[PDB]
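Working notes, structure below.
Chain IDs A, B, C, D, E, F, G, H, I and J follow the sequence of writing; residue 1 opens each chain.
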């Protein structure tokens, strides 16, 4: 009884991930399907930070505040 | 014997003309299904170098010119980057054909 | 003539077992200690991609050859992975078990791992993770392991979304060459001859013979994480540190799990002997599903309560279950209840063993863990030898230990650890 | 529920060999 | 091949006497043999020359 | 050992008949556990549109209290001995089975007798299980494959007792009363339509003695001399569509009339169904799958899943495929599935036949591995065959199946036949019945 | 294997125009007159081709 | 070339021999019916009457 | 229904940088309710927010007793006239809230980023306390950010203590965020994956030294001067002046002049700074971390 | 407003075939002969139409 299936009764298919690399002779129960998950929007790539002088100033020291506007860009201040 | 064959291959490589446009043999290979699969199996750097060489050759033959004499791809430095990918693609294809045969 | 297990220790570290029962189907399993616990922060999801990479090109068989040959003989190849272990199982007729076993040995020992193949396989990895996370129970369990452990067993069984597309053939080869060594491998078989399995193991298991990279010991951190997702059916797992597997305390924890309820024995039932179900149903008329969760890996174990309840009644359901376990820890239990729990545990163990897949998994897991086979009557003897005072001690250890909660749903009324 | 979805009676349009439900088909499918 | 097409045009222009008959016969035979036989064999020759296989 | 001598080394089962006609069948194996169940030939094909939910509602009420053990004493006894108590209902058969140890067989047989012949139906328990079954109908129509299977059954067997589902409609659920349940119980729980099947670590003589002790004299008498008879069901080539575009995926099942249980062509149709196959998005085979439909689905990203099914009833059944695909590839999957069907009808080859034979052998033996599945096989086989078909006989039939006779049976059951179509979800891409029939035949044979 | 009707470009055009064209199911007999006009145009073209062959 | 030379393709061809021969028979009878071929239609007894 | 897609896009643009995510996670693990609510819409709640819920929120919180109408370059007569012309027909105080109980804890989002962000905070005072003023002075003493572009930050004690034993790019600062009934004070560190533990430990030991009492009155006066300059530069812009006027009107219901604000800032004592540092050291901890956390320590390791 | 050249159907067909067609940048004068053939066909259509007009 040195195994997850022989110890956890209903938690065996939860603790054990089974992958059929080759399709079996018998059909499997609960085949499942991906219901067309959405894609996050494509945005501009934020710059990386490689030197400490340009790294300074980006550690937050104030409460988070958001700002939207009719004709001004939505900014966030830290 | 084979040294004369190497020299004659050198002369034919000069006479073919794709060294004048900065191209290689695998660059000048016509893209069939196996060739496209090999190009897709190529790594990123070799893909970029091949595609830039093709673009430069197209620009040169649009201008109806060639590269300068010191800029031609020499026969010694003409590396065959697509040979193992093409060989393994043809090997897999022939295994598939034999399995469909039997 | 149903023979016993022929069991031997091939001197490069390999464990070889075989039972020839003349079954019409033969089944070969190869069990490695290459679970997700042996990864660190730089190669997360490598175990997931290796599990899904069982049908790729190998050094001796192409992917097309493997798939078409196994389907042409009709057999099947499967990979079952838990946080400590990975089992490659092949299933087929006795007349073809030579080439099925050869294919499995190729896949496990000599993988090519071409970069374009894993680049194609990353999309199937995303699909597999989505299909697995369709149900919220496994999401709660990975969240629970992540919040409970620090380094080793906190690594998820599925690849993270940032690692999705960053796993490479270099990391796959590193993982295989560092953990697929013959000292951590057990090649077991049902319906096959011990002589032929030994000679194929000696013939094509002589290229990797180290001990392997020893993983980090798992450390306990405790704490809570919550997933507000707006489902009216709130899931909540509250666990604590327990003993490692293969211990008398582990046996006591399994007995305690079957005493508190480890699933239903009657479909559409009320779970009348489950103390947790009785305690919850004595206070809440809403639908619920409460059970005892036990998960013991080779380093350490987690024991606790798993509750599925309504959004409004989640607090009272969790409090009732926790008070029931507190009463069990204080010693409000009966010897008849303990005997019924032992009967449930031994019956469930025997029904797990009786199928050939479960028998294979038990043989391989025992071979990896203890290095020798334990016959079922001695497991019956140990389960009977569990005492009720050990159950009281295990429940007291659970209630006094530091806790880990993983919750999900609509958490307007789900309590925290300070209120439990 | 989905079980309440029942096919209505089509007996105004059925062929002469199909009108009864106690007699199996495939003795008249060739004729039709 | 283009030269042979020019020969065939001129032969079709001129009438049937010596040696227009044998010139046109050789032109047609060379045309068919080139366009069916000589181009693929020469392509194989160039592949072996540039070491494609 | 070879396959033939291994299958002949698989032990045979023992079947005996009591005085009342109740059949008792057992298979002794080396396991320390056993599965003992009662299989009853009662279901929706027997229900007559007024008691349509009676069998399934009795399935609900079977473990909720008996005459000898009121309330939950039966549940307490089963949980105390550590057994797993299960039941299922299908349009032909109702099964009540217990998985337990080999030492608790008399208790299991006594509890099975108390469940079957001594069912107690309280009015309050009927009301509680009515609430439970209504909630289960809601949770079942929240699913999608069961909806399509029910729709396929309705549209394929419309006007017959085979069309109605196991659960029954909500109006029959709300109008079911205790008198009608007792009428169903006293009409459909007779001795000749019950088999007590035990598999695993059981002794046949001990099981027979326990059957003569407990299962003796169940009813034996209809009390009106009115034995029901199962009339043949008419197969209706037809189409049901349930368009609801908020669902993310579309489920389509296309089937034809099956061969029946007693037809020897069932093995051949299972070979063809193994050749076509099944697939879901978690398979690691990729484009290298031997199944052409699955390979094309992987290559062109057509479907999330498909499967071939062969459901058999008394001289009838449904033989076909069911697939889950997006809203824009239903036409493609119908075209490719029909092409695969006509390929098997016209130009099936011996390599595919050998592959399908091996797959069917492996699936059959793997399904006949395990005490609970072999008990299920024994009960169902004694219900619908009059005997248990040995695995050696199954292997002999599979070996008798070859390419030409596969093509003959496939042309008999698929070529130019009017199908039953059941669609659910965004099924605009699903073609009309005329187009489906035009795909169901070929213009080049 | 692929769908030639939905893949081959001429066959794709014919499929999207005349074969798998989404048409309203309730159009009356008055909607056949477009096809009648096309058929009469083809008849007129062929018939006048023969007439001018002999004219 | 060598792609269509194997036992599976041979047995596919042998399965399609009766259908190909039947389609050739259809083409032949349609050709003689459309062209009114005298050499074939002076043998069938009924259609012999109209030619006289 | 057309605007919930804009909600998704705006949340993505807000989470383009990781400090927003770190602060949201920090509040979420610091409070049980009323401040753990995310400032941006959850991904599941996208597609679920109804006009009925919006109208309920407006009718329960957009009421006259909790609003302030302030104006620069406008007449008070016009302002009060439009006040009784529009804002006269709302109910009263409305719903109160949930008092924002503290919980503590930690979460760690491993996302494989090239730098590791880590915020370790504890409870502090609320807006309107001398303890809150001392906490703000302590924030400016430990370093609220750079005053010099591309500088070394030679006066900020956190940066000095980290740069004493580091050779990697880093950014350490004192995070301070007070509210109506509770506050959050702690350290924010951005560092490399390997040096994250060293940076966090150095910053925590610097704050521990401040709590023990290793400080100078000149540094406290410099911190007070920094706070005065920052407040006055916030006031000097008309946008910031309007924001401060509205915030003061909502909070206290009265005007506190900048002279009196600077007077109480000068009235902050250094003993209260030591008391605030001791309170942060002894308080229960809330940690939000993200990055590659193979060497980022846990709360029990601090 | 919209882009008429790529939204009007005849206009978008003409744009996708002749205006915004991705053509190789290096094709020589030998690639002009297709358009030369088309303009030959148009010229012969017009001139022969006049010849049959007076023939």
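Following the convention adopted for this analysis, contacts are C-beta pairs under 8 Å (C-beta built on N, C-alpha and C of every residue); 3 or more make two chains touch, one makes a residue touch a chain.
**Q** Going only through chains that touch each other, how many steps at minimum separate chain B from chain E?
**A** 1
**Q** Comparing the two chain pairs, does A-F have more C-beta contacts than A-I, or is it the other way round?
**A** The comparison resolves to A-I.
**Q** Where the centres are mean C-alpha positions, what is the separation of chain B from chain F, in Å?
**A** 60
**Q** For chain G versus chain J, what separation do you get between their C-alpha means, in angstrom?
**A** That pair's centroid distance is 25 Å.
**Q** Taking the mean of the C-alpha atoms as each chain's centre, how many Å separate chain D from chain G?
**A** Roughly 38 Å separates the two chain centres.
**Q** How many angstrom lie between the CA centroids of chain A and chain G, rounded to a whole number?
**A** Roughly 53 Å, centre to centre.
**Q** Name the residues of chain A that each touch 2 or more other chains.
**A** 19-25, 32-34 - these are the residues of chain A that touch more than one other chain.
**Q** Which chain F residues touch at least two other chains?
**A** 281-282, 284-285, 289, 291, 351, 359-360, 362, 366, in rising order.
**Q** Throw together a list of every chain pair that touches.
**A** Chain pairs that touch: A-C, A-F, A-I, B-C, B-E, B-H, B-J, C-F, C-I, D-F, F-G, F-H.
**Q** Which of the residues in chain C end up touching chain A in this complex?
**A** Going by the criterion above, the answer is residues 48, 51-52, 54-55, 66-67, 70-71, 74-83, 91, 107, 127-128, 130-132, 134, 137-138, 141, 157-158, 245-246, 254, 258, 262-263, 291, 293-296, 348-349, 352-353, 358, 361-362, 365-366, 369-370, 374, 379, 383.
**Q** Which of the residues in chain C come into contact with chain I in the complex?
**A** Those in contact with chain I are residues 40-42, 44, 150, 160, 162-163, 166, 221, 223-225, 228-230, 416, 418.
**Q** Of all residues in chain E, which touch chain B in the complex?
**A** My answer: residues 49-52.
**Q** Please name which positions on chain F make contact with chain G in the complex.
**A** Listed in rising order, the residues are 292, 296, 300, 332, 335-336, 339.
**Q** Name, in rising order, each residue of chain B that touches chain J in their complex.
**A** It comes out as residues 58-59, 61-62, 64.
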